[PDB]
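Throughout, read-outs are computed from the coordinates displayed, never taken from laboratory work. With ideal geometry, Cβ positions are generated from the backbone for all residues, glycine too; neighbour counts draw on all protein chains shown.
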Amino acid sequence: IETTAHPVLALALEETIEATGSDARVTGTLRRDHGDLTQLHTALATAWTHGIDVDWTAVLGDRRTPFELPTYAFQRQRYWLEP
Amino acid sequence: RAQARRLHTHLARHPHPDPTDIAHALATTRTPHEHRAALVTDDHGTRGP
Amino acid sequence: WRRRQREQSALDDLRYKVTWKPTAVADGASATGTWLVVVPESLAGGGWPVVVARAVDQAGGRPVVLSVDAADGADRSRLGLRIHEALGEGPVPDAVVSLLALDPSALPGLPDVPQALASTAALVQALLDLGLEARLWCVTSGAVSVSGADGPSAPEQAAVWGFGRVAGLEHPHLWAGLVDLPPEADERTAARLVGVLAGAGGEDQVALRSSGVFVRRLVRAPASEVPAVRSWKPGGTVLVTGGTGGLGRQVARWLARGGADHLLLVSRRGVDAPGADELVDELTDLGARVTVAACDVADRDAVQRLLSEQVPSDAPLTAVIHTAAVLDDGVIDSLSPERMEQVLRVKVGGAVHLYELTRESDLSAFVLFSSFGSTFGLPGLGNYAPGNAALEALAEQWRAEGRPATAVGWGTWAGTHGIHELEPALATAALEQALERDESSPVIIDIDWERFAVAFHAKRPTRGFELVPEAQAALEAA
Amino acid sequence: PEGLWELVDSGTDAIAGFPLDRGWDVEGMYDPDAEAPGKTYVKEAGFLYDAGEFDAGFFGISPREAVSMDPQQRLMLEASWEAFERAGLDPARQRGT
Ligand SMILES: Nc1ncnc2c1ncn2[C@@H]1O[C@H](COP(=O)(O)OP(=O)(O)O)[C@@H](O)[C@H]1OP(=O)(O)O
């Protein structure tokens, strides 16, 4: 994670990673002309997407209205014993 | 992709739900699985598309 | 005994039946892009059209309602121009929905053709002319009977279903499938319709009812364990149309070999047919009182007068066989309503007229010889499948009316890739077994699944032959 | 539950024909008389035609185990996961509770 106002070592880090056979991932915080809360939340979302356990309680508050969402989309397959 | 389509259909039949409540429900009350995706935007016109 | 056991086993090996497997309701998906809905002008905004338009509207797609006049639905060029102008200056269609099959009327000028089949043929070949890549789904109402709870299926929509079956093979990409609907429009049924219409594929031939959703599939139906009831002993005059033909000749000699009184053969030529004299010679040698005729069956006056005068008074008509039909081969690209009129004249008109002129005399049975193309469908049988499909619907109509009708499906008589020929004696014995088992719509074909299954799947992926274990074994083998 | 509400509110009858994919000889197990072994006079009844359908990979169950698994267990697993998700509870975080 680069904690700068704009990534400058992302290229070098990616070049080192791809030249090592490692599955590391590089992220930055802000970018040129993008420094509002939107960019910070974008960086946090990217970090979470790469698999960093971001504590969303701080970002989105402690408790809100319990909005209901659809359940998991199971990818079912048929399993049955033949006679 | 099925999750995204189901969420889109569910939100379509809803009278302007609060985006922050949806974000909190998705973040806290759902399991984080392997393949992940995120939508970050400041206006409620691009989230549907 | 050994011969009887072997031949009975072989006979039951080639028995089949069409049915409607219930299946789980698909979750559905979003209706992506624009969908072109085409509706008859006679329906206007009534029942099904407005509700399906609303359903696709809430499905995420944009409906394009296009009312079409009944006369406009016949010509392919005029219909294609109508599609082009209605859809012009806009995105190409992602899919096409055809409600044109819902009109229960006949084409003016060609009274022995239904407006539905002609309109569907015009629509599909007009889409071929325009070169659009959209997938075509056609919806019907009261076209089939998933179970006994349904009313009897109507003829014209069954003909449309057969036409769609044959069209799906020669044009896999253009033709997607068919979805029957209940008689009454409803929002829930429309929602399920748009859900299935947006599916990926495989569910080609399906039907929607208040009970649920069903998929047409073929199963085995051996008659070894079913008891025999009302054994076939025709005593009176037996009317056979097209007796001078091949199948008619075979059926006539089968009738002669046991339980023959008077074989009233009817043909366009009659005596002039190539071998009528020899046929009547053997039939008389087997004790049959043959009486051939020279008249077209479609002419109501001709068959009415023939029944009036040519029927002996000492032998009322009990059994009637319909196996006469002109073989006008044609491809989907070269179809025209006149050709369907010529093909559908003999079969449908003769069956209807024979049924109508009856009902004053009791009938032991009323047999109809539908083809395997009605059940499976084969490339090139465009002009020929719909009449065979309508035969089953007519038989179902009369069975509901309370008459002894039969719609036996036939394969290839010994007198293609995968389908083997049928012997005269074995086929006749199978027909006997079907009649004495009271089969409303039997299917009598023999096929080698090891080649036919893989060939049919290569022609088009389908899930029709799912309940036959041989089909699954052949599919997994390849 | 929303599907059940849609069904009952619309007054839809869910009774339908027997399943054909379960190896039942449905053609040869129907006769009208009420006294015969192995035969029944009922044509239709409620069924789950997707009863055998199950997402084995989600719960870490191999296909061979799933084939030799009771459909009741599979349906109960899926329904319990759905119920926990609908309650606002993450089913994964209920571990050890
Ligand atoms: N409308 C009709 N009325 C009477 N006979 C008809 C008929 N349409 C077809 N046929 C007969 O039914 C016969 C069809 O049997 P077929 O052996 O000739 O070919 P196939 O058995 O493949 O249909 C036709 O040859 C024709 O013989 P005639 O033209 O001598 O009658």
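Charges only on Cβ, +1 for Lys and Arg, -1 for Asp and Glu: so what's the dipole of chain C about the Cα centre, in debye to the nearest 20?
Numbers: 41 positive and 61 negative charges, 186 e Å.
That gives chain C a dipole magnitude of about 900 debye.
By the beta-carbon count within 10 Å of each Cβ, the least crowded to most crowded order of C:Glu392, C:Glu423, D:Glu85, fewest first, is C:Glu423, D:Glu85, C:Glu392.
Just rank A:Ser22, D:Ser10, fewest to most, by other beta-carbon atoms within 10 angstrom. Write out the running numbers ahead of the final one.
Details: A:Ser22 9, D:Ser10 12.
Sorted ascending by nearby Cβ count, the order is A:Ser22, D:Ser10.
Sorting C:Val226, C:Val290 from the fewest to the most surrounding beta carbons within 10 angstrom yields C:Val226, C:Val290. In degrees between 0 and 90, to the nearest 10, how far off the longest principal axis of chain D does helix D:71-86 point, with axes built from Cα atoms? The answer is roughly 40 degrees. Counts of other chain beta carbons within 10 angstrom of each beta carbon in peptide C:147-157 average 1.
Could you pull out every one of the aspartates and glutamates with an alpha carbon less than 15 Å from that of C:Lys233, ignoring same-chain neighbours closer than 8 positions? List returned: C:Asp261, C:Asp362, C:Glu432, C:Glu436, C:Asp438. The distance linking region C:223-283 with region C:136-211 is 38 Å (Cα centroid to Cα centroid, whole angstrom).
How big is the gap, in Å, between the Cα center of region D:1-29 and the Cα center of region A:6-61? If you average the Cα positions of each part, the centres end up 51 Å apart. DSSP finds beta bridges in region C:321-478, and of those with both partners inside it, around 10 percent are antiparallel. Looking at chain B, the pairs of alpha carbons with a distance over 17 Å make up 35% of the total.
Taking the DSSP beta bridges with both ends in chain C, the antiparallel portion is around 25 percent.
Placing a label point 7 Å from the Cα of B:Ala38 along the Cα-to-Cβ direction, the residues of region A:1-43 whose backbone N falls under 11 Å of that point are A:27-29, A:39-43.
Inter-label distance, C:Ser308 to D:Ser80: 8.1 nm, where each label sits 7 Å from its Cα along the C-beta direction. Pop a pseudo-label 7 angstrom from the Cα along the beta-carbon direction at both D:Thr40 and C:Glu278 and give the gap in nm to one decimal. That separation, rounded to one decimal, is 5.7 nm. What separates the Cα centres of region B:3-28 and region C:395-453 is a distance of 56 Å.
As a ratio to 2.2 N^0.38 Å, the alpha-carbon radius of gyration for region C:48-148 is 1.13.
Once the Cα atoms are used to define both axes, helix B:19-28 deviates from the longest principal axis of chain B by about 10 degrees. Measuring max minus min along each principal axis, the C-alpha atoms of the protein assembly as shown give extents of 106, 62, 54 Å (largest first).
Rounded to the nearest 5, what is the percent of antiparallel bridges among the DSSP beta bridges in the protein assembly as shown?
Values: 20 of 71 bridges.
That works out to approximately 30 percent antiparallel.
Amide H to amide H, with H built 1.01 Å from N, C:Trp410 comes under 5 Å of C:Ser370, C:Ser371, C:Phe372, C:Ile444, counting only residues 5 or more places away or on other chains. Each label was represented as a point 7 Å from its Cα along the Cα-to-Cβ direction; for A:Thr65 and C:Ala473 these points are 6.2 nm apart. A convex hull fitted to the Cα coordinates of chain C yields 149 cubic angstrom per residue.
Taking 0.36 nm per intervening residue step and subtracting the Cα-Cα distance, what contour gain separates C:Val229 from C:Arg300 on full extension? Kindly include the intermediate steps, with their values, before the conclusion.
Working: separation 71, 0.36 × 71 = 25.56 nm, distance 3.45 nm.
Taking C:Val229 through C:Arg300 to full extension adds about 22.1 nm, to one decimal.
When Cβ neighbours within 10 Å are restricted to other protein chains, what is their mean count per residue of peptide D:6-19? Please list the in-between numbers first.
Details: counts 2, 1, 0, 1, 4, 1, 6, 3, 3, 4, 11, 11, 2, 3.
Average per residue, whole number: 4.
Given the Cα-Cα distance of C:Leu286 and C:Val326 and 0.36 nm per residue of separation, how much length would full extension add, in nm? Don't jump to the answer; show the numbers that get you there.
Working: separation 40, 0.36 × 40 = 14.40 nm, distance 2.91 nm.
Between C:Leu286 and C:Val326, full extension yields 11.5 nm more.
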